[PDB]
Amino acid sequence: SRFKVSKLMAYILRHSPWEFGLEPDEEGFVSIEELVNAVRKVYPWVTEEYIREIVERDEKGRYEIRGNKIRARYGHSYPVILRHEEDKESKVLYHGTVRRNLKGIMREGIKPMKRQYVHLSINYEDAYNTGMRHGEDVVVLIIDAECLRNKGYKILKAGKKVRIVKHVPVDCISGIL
C-alpha cells in the first residue's frame, strides 16, 4: 500500500538512511534510484515510478524531489539544512504542546528540542493532533507570525501544513486554546 511504503520512506529519509546504505547530503537528499533499491529490500515490488507517485500524492507534502534527489521535507532526527521557500503570507500559526510545558514556554518562549527548528502548523486541528504526540493534556498556542517575522525570524514552508522557525519568543504568543 502507499501507506506502508510511505511509512518506510519517512523512516529511511528522516531517521535511519545509513542503515539502508544511503548517505544523505547536507540538505537531507538521497538518490531516488538508491532509495528504490533500499525500499525493495522490504517491498520488492516497488518501482521508481511508484515512489514518485507517492511524493506527488502525499497529503502533507512530506517529500520533495529535485531531479534524481529525494528528501523528507521535515522531521529529520539528524542534522539537516532546509532552505525551504519562505512563508511570507501567514498572519497566524499554531503550536501544539502539553500543558506541563506552559511554565517553561511562558518563561523562555518555544525552543526547538534537538536544535534546528520549532514546528508550527497553519491549522488548529493539525497542531492539536501534533501535541497529542507528547501526552493527553494538550494545549494549542496561537502564534502571531507577523510579529515573528518582524523580530527577524524566517518562517519556512516545510510542507502543505507544516511551518518551521528557529525559535518563537514569548512576546509572539497571542493566546492559548
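Numbers follow the displayed sequence, beginning with 1. We call the rigid core the largest set of C-alpha positions that still match within 1.5 Å between the two forms.
Asks: Given a rigid core fit, name the stretch, 107-115 or 58-66, whose C-alphas are on average farther from the form shown here in 4 other deposited structures of this protein.
Replies: After the core superposition, the stretch with higher RMS deviation in 4 other deposited structures of this protein is 107-115.
Asks: Taking the mean of the C-alpha B-factors per stretch from the entry, tell me the winner out of 49-57 and 118-126.
Replies: Per the deposited B-factors, the answer is 118-126.
Asks: Between 155-163 and 6-14, which has the larger average Cα B-factor in the PDB entry?
Replies: Stretch with the higher mean C-alpha B-factor: 155-163.
Asks: Just the C-alpha B-factor column, please: which of 81, 93, 105, 72 has the biggest number?
Replies: Across 81, 93, 105, 72, the entry lists the biggest C-alpha B-factor for 81.
Asks: In terms of the CA temperature factor given in the entry, to which third of its chain does residue 132 belong: lowest, middle or highest?
Replies: Ranked within chain, residue 132 CA B lands in the highest tercile.
Asks: Could you look up the Cα B-factor of residue 44 in the entry and say which third of the chain it sits in: lowest, middle or highest?
Replies: It belongs to the middle third of the chain when residues are ordered by C-alpha B-factor.
Asks: Residue 28's Cα B-factor: lowest, middle or highest third of the chain?
Replies: It falls in the bottom third of the chain.
Asks: Give the position of residue 141 by CA B-factor within its chain, expressed as the lowest, middle or highest third.
Replies: As the PDB entry reports it, the C-alpha B-factor of residue 141 lands in the middle third of its chain.
Asks: For residue 147, does the deposited CA B-factor place it in the lowest, middle or highest third of the chain?
Replies: CA B-factor rank for residue 147: middle third.
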